Amino acid sequence: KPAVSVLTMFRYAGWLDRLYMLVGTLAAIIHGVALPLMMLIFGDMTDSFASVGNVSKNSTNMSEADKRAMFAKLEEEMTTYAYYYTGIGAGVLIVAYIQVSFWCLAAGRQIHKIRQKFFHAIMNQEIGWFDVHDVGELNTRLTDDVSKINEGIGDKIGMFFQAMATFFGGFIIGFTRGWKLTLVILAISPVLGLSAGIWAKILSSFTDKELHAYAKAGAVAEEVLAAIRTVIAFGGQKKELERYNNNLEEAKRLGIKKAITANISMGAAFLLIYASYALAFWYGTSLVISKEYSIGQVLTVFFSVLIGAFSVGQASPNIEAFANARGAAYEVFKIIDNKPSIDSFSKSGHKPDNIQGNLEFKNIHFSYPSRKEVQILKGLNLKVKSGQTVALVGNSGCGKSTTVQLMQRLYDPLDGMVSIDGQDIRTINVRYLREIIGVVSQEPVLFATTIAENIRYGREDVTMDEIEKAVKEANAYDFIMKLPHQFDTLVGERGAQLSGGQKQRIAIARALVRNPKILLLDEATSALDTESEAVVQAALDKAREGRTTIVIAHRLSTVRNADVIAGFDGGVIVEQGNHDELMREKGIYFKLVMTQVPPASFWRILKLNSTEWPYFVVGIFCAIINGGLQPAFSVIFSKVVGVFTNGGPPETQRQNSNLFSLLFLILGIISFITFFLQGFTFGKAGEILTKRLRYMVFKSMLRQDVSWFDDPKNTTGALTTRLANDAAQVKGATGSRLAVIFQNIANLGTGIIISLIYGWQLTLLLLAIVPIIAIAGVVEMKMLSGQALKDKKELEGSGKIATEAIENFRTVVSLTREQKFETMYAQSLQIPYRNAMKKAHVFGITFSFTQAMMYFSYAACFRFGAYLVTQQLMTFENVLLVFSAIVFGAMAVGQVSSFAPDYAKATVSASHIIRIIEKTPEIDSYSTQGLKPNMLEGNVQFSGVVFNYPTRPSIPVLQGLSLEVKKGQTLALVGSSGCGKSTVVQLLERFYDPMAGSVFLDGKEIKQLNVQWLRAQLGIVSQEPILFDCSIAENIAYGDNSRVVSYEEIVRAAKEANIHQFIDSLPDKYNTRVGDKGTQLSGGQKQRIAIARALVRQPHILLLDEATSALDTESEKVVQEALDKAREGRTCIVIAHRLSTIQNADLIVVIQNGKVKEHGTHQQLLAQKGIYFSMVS
């Protein structure tokens, strides 16, 4: 993936933007080295407390001469340390405004010139360049890839040099003070990167196997939703639900393995982080015991190295943001640097006046550059004498339109020469050229502006008086005048749609305004019917009067009155002459003329997973433990420094600092066990909830009727997505988020409680400014997203002008209006440009005031905290403990509330799951309430049934349809397409209810008989039968659900469908997998399986719907024999398409407009000599 050099990317900066980028980079380095200085003054603050700490305790613990010398020393030293803390934050307030504003002001002034030069280069392209390049991706390149550059050269460079100054300056302070513990952290640095790097890929390794585990269940569900008409008509709802539930166990058992492994993967690196941290504090405590370092020398280099090691993680997104900006600028700068051979914006060529319009084509050859493997013109020669009209004829797309594109000079011919008045048209400039040429296309492009402006597009200075004259002359004036806002009416894409005749005359009026000396018209007389075209023809004839004209003629009447005709065949004029001459020639032309928000609440989600109590009970308890343990790690950190600040001999310091080093690993064993116990109980709760919800929705999806599945919104792809996405996004909000919140409720709970009993003064200061810092972290996300919605609304006005000019480029290049849309694109960009110089002002203030309140609160914490030490109210270890336990418990509740909006993604997924389960269908298939008699006649009767489809209830399909089928007889339904032949079969099924009328079976209302026992006595033979991925034995046995049926019952049925002999010689015979996975069966073979399935069921009624619709002549007769067999003693309804087949049917119904126009036996309907007779003939 290519990119640009870095010197070529900033070529639109200028010497003022170079000033902005360098001063902002200087402030980026100043702000980056600020935090290494913050840990330097922090370490010197601890050394001043430790030097007066051990002296005041090891000799004269409470005195007067000892009290006056150390507390007055602290009041002068901590004032100087607080002068340094405010001095950084006051300097950062000036600096952190500069580093982002100057880099976003330089990015805003560059991109604003990049957008104008990109769109100027697009209008400067060739038209053959638009043929080889896709125009849909080009209009989106002007919107997407320009935003990719502005991310790269914006504030992301000022934050990159901010991170690199903390990488170097954090390591400079880490080396120029200690240079020994720094090598210890750099030795354990590859151990921590390998621990989090070898388990992040194993976590993605079990992810792709978990997606492979569910993929067998989603393929089963997609097999049933695509076979929804076949799974309903056989009653296989409880069978396919069990196949989906037997496959749901695989994604639950592997989801347990995905839950056990992903907590061992998290817990092992969580232990190895604590192993290297406790070692880097046990090594730091063994060098202050050895009296090489102090307690402030170790704390300075331990933080500034870790801050410098963390700076490489906050700079790698800005490296990829700069590399993606260079990769996006490679295609953009390629268009700006592209200089064409046809420069549309050039003022170069000649300008001849007094053009009489002599036209000459000489030996023209031409090839389009999107298909260069053929020639369009092969020696095309022709003169147009001044003021004459020339009509071009010959078959569609033979080269006629090609001529008009060459006379526009919209391509550059290879061989030959095009001249106007003896002068090569390639030696004047294109804009003067096209000004002299009026193009009337086949279809006219009208722009979304007023009628006055669309006409004025031909020549922008024309007065409205002169406009009025042209609409008259073009014959469009009276039609425009019959409107309320006539010349101000807005035409195209937004306004009133004009007819074809009226649209073309506007183009004619536009061309009149241009008043050219040459006219080019292509397929003008073919936009609509002769009613509209005739007025246009009068107006065409007007526009031509005394102009040299080339017309691509489609209508014979247009061609006959022309002054000269050219006859084209294969690029070559085979004959040319007047009308009478060409008739005499009897060539091509002569041949022509004769031939011619959600409803789901929190209590509804909790009620689903309420069946498993004790996995939640261990889960809430372990998060309270791990939440309560989190301030306890700041306790052991406060007691390690508390040893070397209170005072003691350097032989109890070994046994005290080796006790606290083991206390990290006492908690480190507990925090590893309580993290596995937290994630196993919630992980099993997340995979129980995913399997149980997918079972209940797929049960409620199989209980619906067929009218629910005919909806365009409830397609089979959108149904398996809701079954997969919305049911897996509920385990991402129950197990993972409750473990996090109950930790932070216990973290900010106990971390306040531990800090309160270790001093009530400093907690009230920290718990007052932390919500002020946390509110400022929220308002900065609402003003950034608020300015993002304001800027993206003002940028769509400019992008609408680019969309209208790029999509209609073939029309705007013939009107010489590339400069007009470029100025409109520039004038629409002034309001986003004024908001861009203000956006850097807003980006600078919110970034400066966040870090100002981050350093002034650090100043106010230790200016108030040092006053608590000098009055003997707080130990320095207690000031450290109140500080460390609060800011880690508040970082827990502050970062998670920005991550907490996943609940809104889950409640709208829960409401989709709730509204599918709670939805009761119009026809409940699982209902046990029905008559269910023991009568096996199967008299079918439709009486006056009236029915409309629920998809489109505006078109009537069946009206007053009445017919009886007597026991054991066959009834055939026939008629024209869409008459409701198929519909009758679907109603006997009871796939839909009727609007009016009644459907009976043996005298009984089918709405009063159980749907299961209706469909059990119905054999459905579909048009194109759906075969399931399964053995031949199971697919056939599928017809008789809930029953013992074996190989014996399968084999007699397979005989009588005529497939036994093919099955018995096939490999693995009745076990052979068919479907998409298995051996592909022919069309004929597949349908007979559906027939065989109906035999096992042994119904008293047979529904046959347009079978034998294949193009296999012999197979059909094989099928038809098997079908004749199955019918002989069964009551049968066949939707008949093969007229010869319908000979042996008992009764035939001929349907017309929903009703029974006629009926009878075959012979009687023939002798009637009506509709049926017409069909069979």
# chains A, B, ... in the order shown; residues from 1 in each chain; ligands from 1
>>> residues_around(residues="residue A:823", least_positions_apart="3", cutoff="12 Å", atoms="only C-alpha atoms", output="PyMOL selection string")
chain A and resi 116-117+119-120+123+798+801-802+805+817-820+826-830
>>> residues_around(residues="residue A:302", least_positions_apart="2", cutoff="9 Å", atoms="only C-alpha atoms", output="ChimeraX atom specification")
/A:174,181-182,185,280-281,284,297-300,304-307
>>> write_last_selection(atoms="C-alpha atoms", output="CSV table (one decimal), in the first residue's frame")
chain,number,residue,atom,x,y,z
A,174,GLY,CA,15.4,7.5,35.1
A,181,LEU,CA,17.0,0.2,38.9
A,182,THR,CA,16.4,1.4,35.4
A,185,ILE,CA,12.8,-2.5,34.9
A,280,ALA,CA,11.0,-4.0,41.4
A,281,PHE,CA,10.1,-2.8,44.9
A,284,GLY,CA,14.3,-1.0,45.3
A,297,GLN,CA,15.7,8.4,44.7
A,298,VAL,CA,13.9,5.1,44.1
A,299,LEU,CA,10.4,6.5,43.8
A,300,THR,CA,11.5,9.1,41.2
A,304,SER,CA,9.5,8.1,35.3
A,305,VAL,CA,10.8,4.8,33.7
A,306,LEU,CA,7.2,3.3,33.8
A,307,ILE,CA,5.8,6.6,32.5
>>> atom_distance(atom1="atom CA of residue A:74", atom2="atom CA of residue A:751")
28.4 Å
>>> closest_atom_pairs(of="stretch 164-220 of chain A", to="stretch 709-724 of chain A", cutoff="12 Å", atoms="only C-alpha atoms", output="Markdown table")
| residue | atom | partner | partner_atom | distance |
| --- | --- | --- | --- | --- |
| A:211 | CA | A:724 | CA | 11.0 |
| A:214 | CA | A:724 | CA | 9.0 |
| A:215 | CA | A:724 | CA | 10.0 |
| A:217 | CA | A:724 | CA | 9.8 |
| A:218 | CA | A:720 | CA | 7.0 |
| A:219 | CA | A:720 | CA | 9.1 |
| A:220 | CA | A:720 | CA | 10.1 |
>>> write_last_selection(atoms="N, CA and C atoms", output="short mmCIF file (atom, residue, chain, number, x, y, z; two decimals), in the first residue's frame")
data_model
loop_
_atom_site.label_atom_id
_atom_site.label_comp_id
_atom_site.auth_asym_id
_atom_site.auth_seq_id
_atom_site.Cartn_x
_atom_site.Cartn_y
_atom_site.Cartn_z
N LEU A 211 -16.37 -19.26 17.21
CA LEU A 211 -17.20 -18.91 16.06
C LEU A 211 -17.43 -20.11 15.15
N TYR A 214 -20.53 -22.22 17.03
CA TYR A 214 -21.89 -21.74 16.79
C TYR A 214 -22.30 -21.85 15.33
N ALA A 215 -21.33 -21.89 14.40
CA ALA A 215 -21.62 -21.88 12.97
C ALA A 215 -22.36 -23.13 12.49
N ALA A 217 -24.76 -24.34 14.43
CA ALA A 217 -26.11 -24.09 14.91
C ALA A 217 -26.82 -23.03 14.06
N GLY A 218 -26.09 -21.99 13.65
CA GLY A 218 -26.65 -20.99 12.76
C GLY A 218 -26.92 -21.49 11.36
N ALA A 219 -26.22 -22.54 10.93
CA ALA A 219 -26.52 -23.16 9.64
C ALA A 219 -27.75 -24.06 9.72
N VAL A 220 -28.02 -24.63 10.90
CA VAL A 220 -29.25 -25.39 11.09
C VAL A 220 -30.45 -24.45 11.11
#
>>> select_by_dssp(residues="stretch 299-427 of chain A", states="alpha helix (DSSP H)", output="number ranges by chain")
A: 299-310, 316-336, 400-407
>>> closest_residue(among="A:113, A:57, A:793, A:257", to="residue A:146", atoms="only C-alpha atoms")
A:113
>>> residues_around(residues="residue A:885", least_positions_apart="6", cutoff="12 Å", atoms="only C-alpha atoms", output="PyMOL selection string")
chain A and resi 627-638+746-756+758+762-763+766-767+877-879+891-892
>>> residues_around(residues="stretch 614-622 of chain A", least_positions_apart="2", cutoff="6 Å", atoms="only C-alpha atoms", output="list in words")
residues 624, 625, 674, 678 and 681 of chain A
>>> write_last_selection(atoms="N, CA and C atoms", output="mmCIF file, in the first residue's frame")
data_model
loop_
_atom_site.group_PDB
_atom_site.id
_atom_site.type_symbol
_atom_site.label_atom_id
_atom_site.label_comp_id
_atom_site.auth_asym_id
_atom_site.auth_seq_id
_atom_site.Cartn_x
_atom_site.Cartn_y
_atom_site.Cartn_z
ATOM 1 N N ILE A 624 -16.800 -8.134 45.164
ATOM 2 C CA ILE A 624 -16.663 -7.345 46.385
ATOM 3 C C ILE A 624 -15.304 -7.602 47.034
ATOM 4 N N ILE A 625 -14.801 -8.838 46.941
ATOM 5 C CA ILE A 625 -13.469 -9.156 47.455
ATOM 6 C C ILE A 625 -12.392 -8.456 46.632
ATOM 7 N N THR A 674 -9.719 -15.302 43.312
ATOM 8 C CA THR A 674 -10.983 -14.578 43.261
ATOM 9 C C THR A 674 -11.258 -13.945 41.902
ATOM 10 N N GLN A 678 -14.525 -15.294 39.945
ATOM 11 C CA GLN A 678 -15.452 -14.289 39.438
ATOM 12 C C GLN A 678 -15.823 -14.559 37.985
ATOM 13 N N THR A 681 -17.988 -18.116 37.346
ATOM 14 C CA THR A 681 -19.400 -18.084 37.715
ATOM 15 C C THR A 681 -20.197 -17.190 36.774
#
>>> atom_distance(atom1="atom CA of residue A:975", atom2="atom CA of residue A:1151")
5.1 Å
>>> residues_around(residues="stretch 1120-1123 of chain A", least_positions_apart="6", cutoff="9 Å", atoms="only C-alpha atoms", output="ChimeraX atom specification")
/A:1056-1058,1088,1091,1108,1141
>>> write_last_selection(atoms="N, CA, C and O atoms", output="CSV table (one decimal), in the first residue's frame")
chain,number,residue,atom,x,y,z
A,1056,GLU,N,-42.7,-46.5,-4.6
A,1056,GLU,CA,-43.9,-46.0,-5.3
A,1056,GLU,C,-43.7,-44.6,-5.8
A,1056,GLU,O,-44.5,-44.2,-6.7
A,1057,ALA,N,-42.7,-43.9,-5.4
A,1057,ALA,CA,-42.2,-42.7,-6.0
A,1057,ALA,C,-41.2,-42.9,-7.1
A,1057,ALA,O,-40.8,-41.9,-7.7
A,1058,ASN,N,-40.7,-44.2,-7.3
A,1058,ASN,CA,-39.9,-44.7,-8.4
A,1058,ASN,C,-38.4,-44.4,-8.2
A,1058,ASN,O,-37.7,-44.3,-9.2
A,1088,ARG,N,-38.9,-36.4,-6.7
A,1088,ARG,CA,-39.5,-37.7,-6.3
A,1088,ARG,C,-39.3,-38.1,-4.8
A,1088,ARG,O,-40.1,-38.8,-4.3
A,1091,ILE,N,-42.1,-36.6,-3.2
A,1091,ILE,CA,-43.2,-37.4,-3.5
A,1091,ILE,C,-43.2,-38.6,-2.5
A,1091,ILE,O,-44.3,-38.9,-1.9
A,1108,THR,N,-43.2,-30.5,-11.9
A,1108,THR,CA,-42.8,-30.9,-13.3
A,1108,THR,C,-42.5,-29.6,-14.1
A,1108,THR,O,-42.7,-29.6,-15.3
A,1141,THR,N,-51.2,-33.7,-19.5
A,1141,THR,CA,-51.4,-34.4,-18.2
A,1141,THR,C,-52.8,-34.3,-17.7
A,1141,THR,O,-53.3,-35.3,-17.2
>>> closest_atom_pairs(of="stretch 131-180 of chain A", to="stretch 100-107 of chain A", cutoff="9 Å", atoms="only C-alpha atoms", output="Markdown table")
| residue | atom | partner | partner_atom | distance |
| --- | --- | --- | --- | --- |
| A:149 | CA | A:107 | CA | 8.8 |
| A:150 | CA | A:107 | CA | 6.2 |
| A:151 | CA | A:107 | CA | 8.7 |
| A:152 | CA | A:107 | CA | 8.8 |
| A:153 | CA | A:107 | CA | 5.7 |
| A:154 | CA | A:104 | CA | 4.8 |
| A:155 | CA | A:100 | CA | 5.1 |
| A:156 | CA | A:103 | CA | 8.3 |
| A:157 | CA | A:103 | CA | 7.4 |
| A:158 | CA | A:100 | CA | 6.0 |
| A:159 | CA | A:100 | CA | 7.7 |
>>> residues_around(residues="stretch 901-911 of chain A", least_positions_apart="3", cutoff="7 Å", atoms="only C-alpha atoms", output="list in words")
residues 598, 599, 600, 726, 729, 730, 733, 898, 914 and 915 of chain A
>>> write_last_selection(atoms="N, CA and C atoms", output="mmCIF file, in the first residue's frame")
data_model
loop_
_atom_site.group_PDB
_atom_site.id
_atom_site.type_symbol
_atom_site.label_atom_id
_atom_site.label_comp_id
_atom_site.auth_asym_id
_atom_site.auth_seq_id
_atom_site.Cartn_x
_atom_site.Cartn_y
_atom_site.Cartn_z
ATOM 1 N N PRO A 598 -35.995 1.472 24.531
ATOM 2 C CA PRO A 598 -36.689 0.211 24.227
ATOM 3 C C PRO A 598 -37.706 -0.133 25.301
ATOM 4 N N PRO A 599 -38.695 -0.978 24.985
ATOM 5 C CA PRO A 599 -39.661 -1.399 26.013
ATOM 6 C C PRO A 599 -39.087 -2.340 27.065
ATOM 7 N N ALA A 600 -37.914 -2.929 26.837
ATOM 8 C CA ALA A 600 -37.325 -3.832 27.816
ATOM 9 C C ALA A 600 -36.777 -3.049 29.002
ATOM 10 N N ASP A 726 -28.362 -10.427 18.732
ATOM 11 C CA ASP A 726 -29.094 -9.942 19.898
ATOM 12 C C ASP A 726 -29.085 -10.934 21.054
ATOM 13 N N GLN A 729 -25.256 -10.564 22.567
ATOM 14 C CA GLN A 729 -24.964 -9.283 23.192
ATOM 15 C C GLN A 729 -25.674 -9.107 24.529
ATOM 16 N N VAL A 730 -26.318 -10.158 25.041
ATOM 17 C CA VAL A 730 -26.876 -10.115 26.387
ATOM 18 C C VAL A 730 -25.903 -10.698 27.411
ATOM 19 N N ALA A 733 -23.386 -7.987 28.775
ATOM 20 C CA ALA A 733 -23.907 -6.983 29.685
ATOM 21 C C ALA A 733 -24.324 -7.539 31.039
ATOM 22 N N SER A 898 -17.640 5.701 31.107
ATOM 23 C CA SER A 898 -17.483 5.945 29.679
ATOM 24 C C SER A 898 -17.596 4.665 28.860
ATOM 25 N N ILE A 914 -37.724 -9.963 23.599
ATOM 26 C CA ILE A 914 -38.980 -9.992 24.344
ATOM 27 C C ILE A 914 -40.176 -9.928 23.398
ATOM 28 N N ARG A 915 -40.126 -9.040 22.400
ATOM 29 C CA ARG A 915 -41.240 -8.873 21.471
ATOM 30 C C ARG A 915 -41.393 -10.030 20.489
#
